[PDB]
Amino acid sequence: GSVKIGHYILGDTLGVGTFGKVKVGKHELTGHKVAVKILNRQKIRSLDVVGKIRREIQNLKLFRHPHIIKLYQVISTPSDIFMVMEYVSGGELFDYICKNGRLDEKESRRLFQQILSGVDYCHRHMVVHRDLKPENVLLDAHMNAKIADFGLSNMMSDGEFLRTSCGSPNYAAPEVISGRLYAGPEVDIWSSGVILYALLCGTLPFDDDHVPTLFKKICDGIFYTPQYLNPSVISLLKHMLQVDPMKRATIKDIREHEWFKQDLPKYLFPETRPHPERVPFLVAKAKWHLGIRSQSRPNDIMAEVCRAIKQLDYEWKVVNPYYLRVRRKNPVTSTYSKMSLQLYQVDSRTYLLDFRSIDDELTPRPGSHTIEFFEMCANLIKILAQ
């Protein structure tokens, strides 16, 4: 009575992932091998991740990419969820580098192009891995990189940041070990930069047995560059490994970089006179700023906002000391306007209030959602400035 799920005979354990256990399986007829991630339903209830697991399934089920592990089927049973995925025999890239050492320039580049194509494909689909590392990069029989273990991933949403320090410290971006907010592609790029360093040098750029020293090295953005490294790829690493996320390389920047372009396969990536309209203005400029700022104390300014929202007869739910969700009833259309508020810090004294439009899933509605948002904000801004 061997263990069998949908004609696949389950074999040895391949490993344990972020959530659940992963075992190999072999088709009883064809002998086709698969990797089966096993999620105990009671366990994903204990940890309250059922939503994370549901989104992971919904999005990863549509993914088709050469260098991302494919999800073939999700089999639900009364006690358990079986995610049947493609199987690769090469094992971890990490183990490969351990046994064979560093890879030469051409092989490091080939694998890096494959991985970055997958990292890009995810971002195009609004998904952010955040666990990227050689341990989660799998090799197939032919040495093709395969991304796996989306357990720590998340989904990018318009106007939304993500705060969850994730992944191994060595592969984590400075803002991630610092526990700050991020859009999330800049983190995957930092991780991909560390992967590139590991392929080229056979070691890790930020590593130490003293954890404070490690975190300092990461936040300083300082790492050793071996003499045998190509100056071209060194500039690439320096750009991907920028501490400042605003100065850090994007995937566009990497695709334009000369070292990356060299020998790049085509399948990896799917892709004087003044204007008449601008003539009257020239014959003839204010600087925009975000929300509203104050040098007063964060307790004083957070209290004032609550007072002012009440003055305007607005309905608001408190989430955090610095996070509010506000609703207004439209006096004409009798529908509702929704906006969220968050206080941030700028410098020692300066703090900032941020206004963000909350979309409605409601049926066609009268008035302009965009303008009603503006009007709602202006009422409060008037009070706060006065």
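The first residue of the shown sequence is 1; numbering continues from there.
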ask   = Where the other entries model residues on both sides, is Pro280 skipped in at least a third?
value = yes
note = Deposited residues missing from the model between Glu271 and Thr272 number 10 or more
key: Chain break class for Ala284 to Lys285, judged by how many deposited residues have no coordinates   = 10 or more
task = May I ask you to compare 6-14 and 360-368 by their mean CA B factor in the entry and name the higher one?
result = 360-368
message = Regarding 294-302 and 106-114, which shows the higher C-alpha temperature factor on average in the entry?
response = 294-302
key: Out of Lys238, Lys252, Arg124, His289, residue topping the C-alpha B-factor column of the entry   = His289
query = So among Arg248, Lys146, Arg278, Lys216, who wins on Cα B-factor in the entry?
reply = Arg278
query = Can you tell me which third, lowest, middle or highest, the CA B-factor of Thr30 falls into for its chain?
reply = lowest
key: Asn154 by Cα B-factor - lowest, middle or highest third of the modelled chain   = middle
request  = Using the B-factor values recorded in the entry, state whether the Cα atom of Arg180 falls in the lowest, middle or highest third among the modelled residues of its chain.
outcome  = middle
ask   = Can you tell me which third, lowest, middle or highest, the CA B-factor of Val194 falls into for its chain?
value = lowest
inquiry  = Going by the CA temperature factor in the PDB record, which third of the chain does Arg307 belong to: lowest, middle or highest?
reply    = highest
